[PDB]
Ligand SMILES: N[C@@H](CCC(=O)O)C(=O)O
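As structure tokens, one chain now follows by itself in the form deposited without the named molecule.
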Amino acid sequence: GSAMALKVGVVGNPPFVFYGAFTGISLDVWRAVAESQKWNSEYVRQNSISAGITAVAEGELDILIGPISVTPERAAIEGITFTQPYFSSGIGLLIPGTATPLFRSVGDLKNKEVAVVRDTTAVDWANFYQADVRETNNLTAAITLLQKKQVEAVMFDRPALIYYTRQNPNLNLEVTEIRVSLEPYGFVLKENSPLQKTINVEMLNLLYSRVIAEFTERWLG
């Protein structure tokens, strides 16, 4: 098909997004959607979720894909609209195997030196839980602070932290059972986009057909 390609912004971390060129759960979902409609895509990596959302609002992008949590603040941004969510996630905590007795409740976060990545929901949750927030540029930098000793824990999306531990069992780090919060992931479109209904219906088909569960099982099961 010679039809104009949709400008697809991409942001996120494994197992939802990997950079080579672009793979992961989020990419498998989007591609399934694109293929069902015989759409062409032009992928553009985004610096951050906010940068990507602004790009959709300013018409620079047609859609922003990735593990983008649907929050009140993000949904309030002018010019955009979230698709129906396709994954139920949760914010978790990565700690040294010895810190386990210390992290058993969100109440325990108060006063703890917790590392967070800038422009993620964890910043707000960590601040809200009165932790000693240490803002970093990326997940790797946040974990490098833990690997060192500057922080007692890293707050970030739970699936991403679990994936990381599974690539580094040598570290003996642990993702607590603590769920700081539950957040659904969705994609972002321009408000009143003529693609919205088509995208929603397709994502819902993949959701109900267990296709998305299969994608998740590939990188997490």
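For every residue, the number given is its place in the sequence shown, counted from 1.
Colleague: Taking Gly20 and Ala21 as adjacent modelled residues, how many residues of the deposited sequence between them have no coordinates (none, 1 to 3, 4 to 9, 10 or more)?
Modeller: Count of unmodelled residues in between: 4 to 9.
Colleague: Check the entry's C-alpha temperature factors for 170 to 178 and 187 to 195, then say which stretch has the higher mean.
Modeller: Averaging CA B-factors over each stretch, the winner is 170 to 178.
Colleague: Using the B-factors recorded in the PDB entry, average over the C-alpha atoms of 84 to 92 and of 126 to 134, then report which stretch comes out higher.
Modeller: Averaging CA B-factors over each stretch, the winner is 126 to 134.
Colleague: Could you place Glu78 in the lowest, middle or highest third of its chain by Cα temperature factor, using the values in the record?
Modeller: Ranked within chain, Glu78 CA B lands in the middle tercile.
Colleague: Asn111's Cα B-factor: lowest, middle or highest third of the chain?
Modeller: Highest third, going by the recorded CA B-factors of the chain.
Colleague: Among the chain's modelled residues, which third holds the C-alpha B-factor of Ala160?
Modeller: As the PDB entry reports it, the C-alpha B-factor of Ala160 lands in the lowest third of its chain.
Colleague: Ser48: which third of its chain by C-alpha temperature factor?
Modeller: Its C-alpha B-factor belongs to the middle third of this chain's values.
Colleague: Using the B-factors in the PDB entry, rank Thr100's C-alpha atom against the chain and give the third, lowest, middle or highest.
Modeller: Tercile = highest for this residue's CA B-factor.
FYI, the form solved in complex with the named molecule isn't displayed, but the following is about it.
Colleague: Want to guess which of 105 to 113, 67 to 75, 142 to 150, 128 to 136 is within 4.5 Å of the named molecule in the bound PDB entry, heavy atoms only?
Modeller: Stretch with heavy atoms near the partner: 67 to 75.
Colleague: So, in the bound PDB entry, is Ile49 in contact with the named molecule at a 4.5 angstroms heavy atom limit?
Modeller: Within the cut-off, so yes.
Colleague: Though only this chain appears here, would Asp62 touch the named molecule in the bound PDB entry if you measure heavy atom gaps against 4.5 Å?
Modeller: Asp62: no, not in contact with the named molecule in the bound PDB entry.
Colleague: Tell me, yes or no, whether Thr83 is in contact with the named molecule in the bound PDB entry, where a contact means a heavy atom of each within 4.5 Å.
Modeller: No, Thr83 stays farther than 4.5 Å from the named molecule in the bound PDB entry.
Colleague: Tell me, yes or no, whether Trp30 is in contact with the named molecule in the bound PDB entry, where a contact means a heavy atom of each within 4.5 Å.
Modeller: Outside the cut-off, so no.
Colleague: For a quick check, can you give me the residues of 140 to 173 that have a heavy atom within 4.5 Å of the named molecule in the bound PDB entry?
Modeller: Counting only heavy atoms within 4.5 Å of the named molecule in the bound PDB entry, the contacting residues of 140 to 173 are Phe156, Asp157.
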